[PDB]
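# before the rest arrives, take these chain(s) from the complex:
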Amino acid sequence: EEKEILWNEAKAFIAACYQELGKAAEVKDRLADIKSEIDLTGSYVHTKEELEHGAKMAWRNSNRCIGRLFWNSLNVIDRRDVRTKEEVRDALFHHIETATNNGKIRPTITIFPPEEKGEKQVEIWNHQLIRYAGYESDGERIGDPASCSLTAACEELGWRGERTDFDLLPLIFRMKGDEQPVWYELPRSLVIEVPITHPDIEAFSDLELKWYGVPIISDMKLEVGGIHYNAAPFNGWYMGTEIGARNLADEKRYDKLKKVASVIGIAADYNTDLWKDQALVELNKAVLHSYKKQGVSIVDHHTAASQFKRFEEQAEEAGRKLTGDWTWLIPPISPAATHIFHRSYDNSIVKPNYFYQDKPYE
């Protein structure tokens, strides 16, 4: 059955990919080649062109992503050649450096060898390559609560965090044939961070907030034509609300709205004062201001929704069905101020695509 699933996914992907690349005449011979290879080896190997376009298609098909206008300019780094943990580590360091690009962020994906018989070759434990640790013990909470379980797993392996609110987690991944993952501290010279200040309110720096420049999701599987690339970290740039309305605001994250209210000089006593809403707006203005001031790419939710509108228009004009998840596409600040809120989207799953996979710890 698994070989049949593979062959069916291969046929659909190769046909679609080659149509898009103006290579339709080559589909027949390529499919034959693939079928022989599946018969003989149990799998097949993508050409560099297939792999690159497949990763782009997968972004284009990501229903929850507002940033899809730029799908065709994804920078795809092919690292199916890695075999050692030093090679993996250096590939991840390189991804950080090249994606960061001195602040002018380049959307990038690095693709490692795919699962073989559902057997991973490289298993990355980080949720993002750059992320802050979290600690909770005896009612004492430090750092990012979303990272508590991974932080605990790292400290099981001999890592020790300084227990600031912004400890950088090490890279942690496991190689096929190894029982335990290895970990490596991130060189700080590779990691851009942005202190959060407000354009008008000088006291805002008293909160001593900061965030990292580049979100690099490293725990999703890229599936392309039936091949499962479980290790394929990718990044774009942030939309400001991710940081200002969620990472720094959620009660189960950094939970900063009361502190924000205080530094902006408003009471946090009455729901009818909409102090949470006002604090959210100022924190979000500060996040955008701060990234811009430092020359680190970021997009605000209005501009992002406008770009997404163009993505919708582009899909229609290309004759492609548009899919989307309305519940994730609306921003968490002023959603009804965007066109997204006012239309609906078909949430059908189309492949290639990026998928959740089980965490190797917890």
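Done, it's in. Numbers count the residues shown, from 1 in each chain, chains lettered A, B, ... in the order given.
# and residue A:78, what are its bridge partners?
With DSSP bridges as the criterion, residue A:78 is bridged to residue A:111.
# tally of neighbours for it?
14 (other C-beta atoms under 10 Å). (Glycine included, C-beta is placed from N, CA and C.)
# ok, now which ones touch residue A:245?
A:280, A:283, A:284, A:331, A:332, A:333 (C-beta atoms under 8 Å, 6 or more residues apart in numbering).
# so who does the fifth one touch?
Put plainly, it is residue A:332. Counting by C-beta under 8 Å, 6+ apart, residue A:332 has contacts A:241, A:245, A:246.
# Export the contacts of residue A:245 to a markdown table and append columns for secondary structure.
Converted to a markdown table, these look like this (DSSP: H, G, I helix; E, B strand; the rest coil):
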| residue | secondary structure |
| --- | --- |
| A:280 | helix |
| A:283 | helix |
| A:284 | helix |
| A:331 | coil |
| A:332 | coil |
| A:333 | coil |
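# Determine how far stretch A:292-312 lies from the middle of the whole chain.
Distance of stretch A:292-312 from its chain centroid, counting by C-alpha atoms, centre = their mean, to the nearest Å, is 16 Å.
# To clarify, my last question referred to stretch A:244-260.
Remark: stretch A:244-260 is offset 20 Å from the chain centroid, using C-alpha atoms, centre = their mean.
# my read: residue A:170 touches residue A:182, true?
No. Residue A:170 lies out of contact with residue A:182 (C-beta atoms under 8 Å); the separation is 9.3 Å.
# Filter the contacts of residue A:332 down to the ones in helices?
residue A:241 (DSSP state H).
# Closest one to residue A:289 out of the contacts of residue A:332, please.
Among these, residue A:241 lies closest to residue A:289 (C-beta to C-beta), at 14.0 Å.
# Could I get the contacting residues of the closest one?
A:284, A:300, A:301, A:331, A:332, A:333.
# What ranges does the stretch 51-200 of chain A have for its strands?
In the stretch 51-200 of chain A, the segments counted as strands under DSSP state E, counting those that start in this stretch are A:75-78, A:108-111, A:122-124, A:134-137, A:140-143, A:171-175, A:182-184, A:193-195.
# would you turn those into CSV with distance to residue A:314?
Shown next, in CSV, are the strands of the stretch 51-200 of chain A (distance: least, C-beta to C-beta, whole Å):
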stretch, distance to residue A:314
strand A:75-78, 20
strand A:108-111, 21
strand A:122-124, 32
strand A:134-137, 39
strand A:140-143, 40
strand A:171-175, 36
strand A:182-184, 40
strand A:193-195, 31
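# Pick the most buried one from these.
Ranked by mean neighbour count, the strands of the stretch 51-200 of chain A are led by strand A:108-111 with a mean of 25 (mean count of other C-beta atoms under 10 Å).
# what's it packed up against?
If you count contacts as 3 or more C-beta pairs under 8 Å, 6 or more residues apart in numbering; DSSP states H and E, strand A:108-111 packs onto helix A:48-60, strand A:75-78, helix A:85-100, strand A:234-235.
# Could you count how many residues lie near the nearest residue in space to residue A:273 that is not next to it in sequence?
Residue nearest to residue A:273 in three dimensions, not counting chain neighbours: residue A:267, with 6.3 Å by C-beta to C-beta, 6 or more residues apart in numbering. Residues lying near residue A:267 (other C-beta under 10 Å) number 9.
# Here is chain B, add it in:
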Amino acid sequence: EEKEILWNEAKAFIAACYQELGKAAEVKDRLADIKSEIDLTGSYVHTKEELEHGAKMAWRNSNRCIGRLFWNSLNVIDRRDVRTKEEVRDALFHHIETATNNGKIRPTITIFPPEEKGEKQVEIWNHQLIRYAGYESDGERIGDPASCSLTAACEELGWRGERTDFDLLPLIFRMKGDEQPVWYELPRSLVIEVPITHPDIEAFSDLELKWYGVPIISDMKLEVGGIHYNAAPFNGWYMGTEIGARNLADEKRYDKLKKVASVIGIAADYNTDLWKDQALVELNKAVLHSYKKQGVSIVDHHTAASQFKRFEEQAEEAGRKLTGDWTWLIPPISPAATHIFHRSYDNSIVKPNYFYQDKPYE
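So, slotting chain B in with the rest:
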């Protein structure tokens, strides 16, 4: 078939309603009575108790409503006795007066005779009993664009609006056996309105904004045990975001955000300044302030979501399945600041319930 649909809906409703009312022993005899009545007359008549509880159940089952905690205190006015257009008009005037209650709004529904063979006895044309007219001609737009088609229909019937931005539409409804609806101007003494001022920003009154106190939805069908009450206007009080984030803010409604930005002293030039978000927050603070200052009931979205949380808890504790439409329950301002955003809801349709029906004009 229609008689069978009726009987099946009747059986389900009577069983459920009588269980809830501790009247389970009476179900058998009541069902027999109903079956004879359907056989003989083609329909059946609700007892006052059934009608009242049915309207409450319908509110409780309204997936899109955040205000459902208070479902059991709905004030149900039984007007199945009306036969004349003067009686309908006076019933609607009465609903306005008693629901308004000098500003201390009472959630109320007035129930008119139900459809017979799908034949309406009373057909209400208004979307809400109190609503502003809208005009569009030669690029000139006045009032509420959402009311343009109903406004045009009224002016076909001899009504003429003053063409302020806040003309009150007349009540307009049609009686069975009449070819044209009749209309009646609303007595202004029945209609409470609230001028919008801001707690801190004196210039806000320069915008000369106002809204009406009581939203009374008059174009939905109440369906209870297979009986279709197409005319059954109901009201609660507003959640402030309905007015501040939508009615006054939407580009296709009063479109006031640029004017708000100007009076609050901020530039409306750059998306990254989040001026729309800031204007939304201040307009919404003003709406809540203004209703409170005037002693007209209103709820803010934080308090409303907290009440809705209790509704969820109440349903579980009563052993009732909860249904909801996440896309409507989240407020359009700071949705991720409410618990609603962070959970999911089963959007299954359960009856009794309120349903859209086709507009008799357009």
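# again for what packs on strand A:108-111, since chain B is there now?
helix A:48-60, strand A:75-78, helix A:85-100, strand A:234-235 (3 or more C-beta pairs under 8 Å, 6 or more residues apart in numbering or on different chains; DSSP states H and E).
# Okay, now the sheet partners of the last one, with direction.
It stands for strand A:234-235. strand A:108-111 (antiparallel), strand A:216-217 (antiparallel).
# so who does whichever residue of the stretch 151-300 of chain A sits closest to chain B touch?
Nearest residue of the stretch 151-300 of chain A to chain B: residue A:271, at 4.0 Å (C-beta to the nearest C-beta). Going by C-beta atoms under 8 Å, 6 or more residues apart in numbering or on different chains, residue A:271 touches B:300, B:302, B:303, B:306.
# Can you name the residues of chain A sitting close to chain B?
Neighbours of chain B within chain A, by C-beta under 8 Å from any C-beta of the partner chain: A:245-246, A:249-250, A:257, A:271-274, A:276-278, A:280-281, A:284-285, A:288-289, A:292, A:300, A:302-303, A:306, A:326-327, A:330, A:332-337, A:341.
# which of those residues count as buried?
A:245, A:249-250, A:257, A:271-274, A:276-278, A:280-281, A:284-285, A:288-289, A:292, A:300, A:302-303, A:306, A:326, A:330, A:332-337, A:341 (16 or more other C-beta atoms under 10 Å in any protein chain shown).
# Restricted to helices, list those.
Per DSSP H, the subset of those in helices is A:257, A:276-278, A:280-281, A:284-285, A:288-289, A:292, A:302-303, A:306, A:326.
# Could I have the CA atoms of stretch A:236-252 written out in CSV?
Extracted in CSV, the C-alpha atoms of stretch A:236-252 (Å, rounded to 0.1, in the frame of the first residue of the first chain):
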residue,chain,number,x,y,z
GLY,A,236,10.2,34.2,6.4
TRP,A,237,10.0,37.5,8.3
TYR,A,238,7.6,38.3,11.1
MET,A,239,4.2,39.9,10.8
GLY,A,240,4.3,42.3,13.8
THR,A,241,1.2,41.0,15.5
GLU,A,242,2.9,37.6,15.9
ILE,A,243,5.2,39.2,18.4
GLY,A,244,3.1,42.1,19.8
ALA,A,245,-0.3,40.5,20.0
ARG,A,246,0.7,36.9,20.8
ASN,A,247,4.3,36.1,21.9
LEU,A,248,4.5,39.1,24.2
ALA,A,249,0.8,39.4,25.1
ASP,A,250,-0.8,36.0,25.6
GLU,A,251,-1.3,35.1,29.2
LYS,A,252,0.3,31.8,28.5
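# buried stuff in that stretch?
So for stretch A:236-252, counting by 16+ other C-beta under 10 Å, buried means A:236-245, A:247-250.
# How about stretch A:37-49?
Buried, per 16+ other C-beta under 10 Å, within stretch A:37-49: A:38, A:43, A:44, A:46.
# chain center to the helix or strand encompassing the first one: distance?
In other words, residue A:38. Using DSSP states H and E, residue A:38 sits in helix A:27-41. Per C-alpha atoms, centre = their mean, the displacement of helix A:27-41 from the mean C-alpha position of its chain is 33 Å.
# Can you list the helices and strands that it packs against?
helix A:2-20.
# Quick one: distance of the helix it packs on to the chain centre.
Here the centre of helix A:2-20 is set off from its chain's centre by 26 Å, with C-alpha atoms, centre = their mean.
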